[PDB]
Amino acid sequence: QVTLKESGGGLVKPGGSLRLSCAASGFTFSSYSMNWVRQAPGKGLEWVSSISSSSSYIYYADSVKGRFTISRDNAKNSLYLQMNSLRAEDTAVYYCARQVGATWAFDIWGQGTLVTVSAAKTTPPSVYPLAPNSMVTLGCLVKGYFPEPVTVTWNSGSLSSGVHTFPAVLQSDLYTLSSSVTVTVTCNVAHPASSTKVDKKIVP
Amino acid sequence: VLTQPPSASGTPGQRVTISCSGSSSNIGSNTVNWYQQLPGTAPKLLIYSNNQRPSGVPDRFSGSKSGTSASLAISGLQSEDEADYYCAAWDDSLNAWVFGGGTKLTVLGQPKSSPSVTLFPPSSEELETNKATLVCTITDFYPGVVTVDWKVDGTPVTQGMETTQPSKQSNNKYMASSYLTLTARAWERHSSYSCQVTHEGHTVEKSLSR
């Protein structure tokens, strides 16, 4: 029954602030150093901050120095992370982790809480052609929309063989996706959130 | 960060190693810990103090450390070992933990397949907006891990790049795309553009001229 549970995640605008909490159960919380570690979507783990048993020793990653504050309430079995001047690059799942005294290993981790830093508002996509000889590959670049998703087809779903519709990337604060067809060729893009549909004829 | 290979792979029952290369201030001065992260789940402790296993970790996982490098070996590869593995060490210079970039371990369930790469130039329509996006599409690769590098007039690009996480294709191989964003003036200032995709021990480079 040794568990950690983070809470307080959600959507916040750039420049804004958020306070995360981690509740400890089934162990003497005051006997352990505690850490925050984060992971941006599809990226690696990035250590954020750590606090000693009695808050005497506090460390921060250079990436968060002067913006984040770690604290703890030993009576309330709770760890906190106060995040100020939030930037798009702070978007991540934040985990709290317990550190073993003898070994410094993070032996127990919470489930994580997602923090999304974005001022993006509903935006329709701009659609541009992708064009360059054994086989011709044409495509459509569906640029700068929000939120997900967009649906992409070719020739109103009649052209399905040789098509690759790729996952989206966050490029600034907006999404960008591409679709290609290896073959009079039309890409059909639908973005329901902005009530927009685009049909674009692609020529080499 | 600590340097790890993006991908490691083997067939079930095989022995696979994952390297972790650091510097004197971290691995050179402190113990290395390893974390296993199954897709969409929180990391868990795999190895601590270089070579110790917590309860629940099977003996097929072992760790070692020498100089400024550490290594994780997985013997008798099992399908459930498919995950991302990260090494970590305290850095005495930064007074901070440093993690490796992670290695995805694939347990081969089909033969390897090299990526098919296509490079597209920006459209005149986009250029009218004073922006230029080059698109590097990547399909039909297995294991599902690629590293993308871009060059402009032979010089490596350090900014304005985004690469998707790889996703499964209709045929069960993987696909991904990479983007290079420039201003229209920057596009007009240069001539040669290339997208380089590294997959296992295979690198493919596609180029174009403005």
Side-chain angles (χ1 to χ4, degrees), chain A residues 4 6 35 37 39 41-50 57 59-63 93 95 97 99-100 102-112 126-132 137-139 141 143-144 160-161 163-172 176-180 182 200 202, chain B residues 1 4 30-31 33-35 37 40-49 52 54 84 86 88-90 94-102 116 118-127 129 131 133 135-140 160 162-167 169-170 175-179 181 208:
Chain A
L4 295 173
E6 307 88 338
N35 287 263
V37 176
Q39 186 167 39
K43 302 295 195 204
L45 295 176
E46 183 186 14
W47 174 83
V48 176
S49 184
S50 66
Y57 303 97
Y59 303 100
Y60 298 101
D62 252 84
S63 61
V93 170
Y95 299 98
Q99 181 179 322
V100 184
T103 70
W104 298 20
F106 304 166
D107 67 340
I108 302 299
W109 294 64
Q111 74 283 353
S126 294
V127 182
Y128 301 115
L130 293 171
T137 305
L138 293 182
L141 174 63
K143 189 188 174 184
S160 52
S161 185
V163 343
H164 294 287
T165 297
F166 300 86
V169 292
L170 230 215
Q171 192 178 86
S172 308
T176 292
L177 164 152
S178 298
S179 186
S180 66
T182 315
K200 185 158 191 73
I202 311 301
Chain B
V1 310
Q4 290 182 244
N30 287 296
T31 56
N33 295 145
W34 293 84
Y35 301 89
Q37 183 178 37
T41 79
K44 69 160 256 189
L45 181 66
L46 188 71
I47 295 289
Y48 63 92
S49 307
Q52 284 179 62
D84 292 335
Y86 290 89
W90 178 252
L94 297 165
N95 288 291
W97 282 90
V98 297
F99 276 92
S116 294
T118 311
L119 180 60
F120 299 96
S123 64
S124 52
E125 284 171 54
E126 189 190 14
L127 289 166
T129 78
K131 304 297 181 177
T133 303
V135 181
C136 186
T137 67
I138 314 169
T139 67
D140 298 300
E162 292 296 335
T163 304
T164 67
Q165 293 185 274
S167 67
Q169 279 180 189
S170 314
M175 60 171 166
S177 63
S178 184
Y179 296 90
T181 301
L208 62 81

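Values below: all heavy atoms of this structure, side chains included; hydrogens, waters and symmetry mates excluded. To find a chain, count down the sequence lines: A is the first, B the second, and so on, and within it residues start at 1.
- Only the side chain of B:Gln37 comes within less than 4.5 Å of a heavy atom of chain A; its backbone N, CA, C and O stay farther away.
- Among all heavy-atom pairs drawn from B:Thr139 and A:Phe166, the shortest one is CG2-CZ, 3.6 Å.
- Listed options A:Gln39, A:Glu46, A:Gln111 were ranked by heavy-atom pairs under 4.5 angstrom with chain B; first place goes to A:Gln39.
- When heavy atoms are compared at a cutoff of 4.5 Å, A:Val127 approaches chain B solely by way of its backbone atoms N, CA, C and O.
- Between the CZ atom in B:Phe120 and the CG atom in A:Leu141 there is a gap of 10.5 Å [rounded to 0.5 Å].
- Taking a cutoff of 4.0 Å between a charged side-chain nitrogen and a carboxylate oxygen, A:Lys143 and B:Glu125 do not qualify as a salt bridge.
- Distance check, rounded to the nearest 0.5 Å: NE2 of A:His164 to OG1 of B:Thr137 gives 8.0 Å.
- Looking at A:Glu6, there are no atoms closer than 4.5 Å to chain B (heavy atoms on both sides), in backbone or side chain.
- No other option in A:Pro129, A:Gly112, A:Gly139 has as many heavy-atom pairs under 4.5 Å with chain B as A:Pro129.
- The nearest pair of heavy atoms linking B:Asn95 to A:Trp47 is O-CH2, 4.3 Å.
- In this structure, no portion of B:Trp34 lies under 4.5 Å from any heavy atom of chain A.
- For the options B:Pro122, B:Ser178, B:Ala176, heavy-atom pairs under 4.5 Å to chain A are most numerous at B:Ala176.
- The part of A:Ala168 that comes within reach of chain B is its backbone (N, CA, C, O), which places non-hydrogen atoms under 4.5 angstrom from that chain.
- No part of B:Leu119 comes within reach of chain A, as not one of its non-hydrogen atoms sits under 4.5 angstrom from that chain.
- For a residue to count as touching a neighbouring chain, one of its non-hydrogen atoms must lie under 4.5 Å from one of that chain's; by this rule B:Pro43 touches chain A with backbone and side chain alike.
- The candidate with the highest count of non-hydrogen atom pairs below 4.5 Å against chain A, out of B:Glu162, B:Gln52, B:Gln165, B:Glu126, is B:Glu126.
- Of the two parts of B:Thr31, only the side chain, counted from C-beta on, holds a non-hydrogen atom closer than 4.5 Å to a non-hydrogen atom of chain A.
- For A:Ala131, the part sitting under 4.5 Å from any heavy atom of chain B is the backbone (N, CA, C, O) and nothing else.
- Most heavy-atom pairs under 4.5 Å with chain B, from the set A:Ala105, A:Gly42, A:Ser50: that is A:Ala105.
- For the atom pair A:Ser126 OG and B:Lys131 NZ, the distance stands at 12.5 Å (nearest 0.5 Å).
- A:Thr165 meets the side chain to side chain donor-acceptor pair (under 3.5 Å) test with A:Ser179; sequence neighbours excluded.
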Evaluate side-chain hydrogen bond (donor to acceptor under 3.5 Å, both in side chains) for B:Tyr179 paired with A:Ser178, printing each intermediate quantity in order.
CA-CA 10 Å; B:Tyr179 296 90; A:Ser178 298; 2.7 Å; yes
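- For A:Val37, the part lying under 4.5 angstrom from a heavy atom of chain B is the side chain only.
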Between A:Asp107 and B:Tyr48, is a side-chain contact (heavy atoms from CB on, under 4.5 Å) present by the stated rule, with each step listed?
CA-CA 9 Å; A:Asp107 67 340; B:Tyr48 63 92; over 6 Å; no
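- Ring centroids of B:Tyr35 and A:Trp109 are separated by less than 6.0 Å, placing the two rings close together.
- In this structure, A:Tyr128 OH and B:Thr133 OG1 are separated by 8.5 Å, a value rounded to the nearest 0.5 Å.
- In this structure, B:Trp97 has its ring center closer than 6.0 angstrom to the ring center of A:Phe106.
- Partners of A:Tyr60 under the ring-ring contact (aromatic ring centres under 6.0 Å, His included) rule, at least two apart in sequence or in another chain, do not exist in this structure.
- With a 4.5 angstrom heavy-atom cutoff, B:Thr41 touches chain A only via backbone atoms.
- Between B:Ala42 and A:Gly110, the shortest heavy-atom contact is CB-O, 3.3 Å.
- When all heavy atoms of B:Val135 and A:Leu130 are compared, the closest pair comes out as CG2-CD2, 3.7 Å.
- Across every non-hydrogen atom of A:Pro167 and B:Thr164, the tightest pair is O-CG2, 3.2 Å.
- Of the two parts of B:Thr163, only the backbone, made up of N, CA, C and O, holds a non-hydrogen atom closer than 4.5 Å to a non-hydrogen atom of chain A.
- The CZ atom of B:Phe99 lies 5.0 Å from the CG atom of A:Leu45; values are rounded to the nearest 0.5 Å.
- When A:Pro132, A:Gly44, A:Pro41 are compared by the number of non-hydrogen pairs under 4.5 Å with chain B, A:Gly44 comes out ahead.
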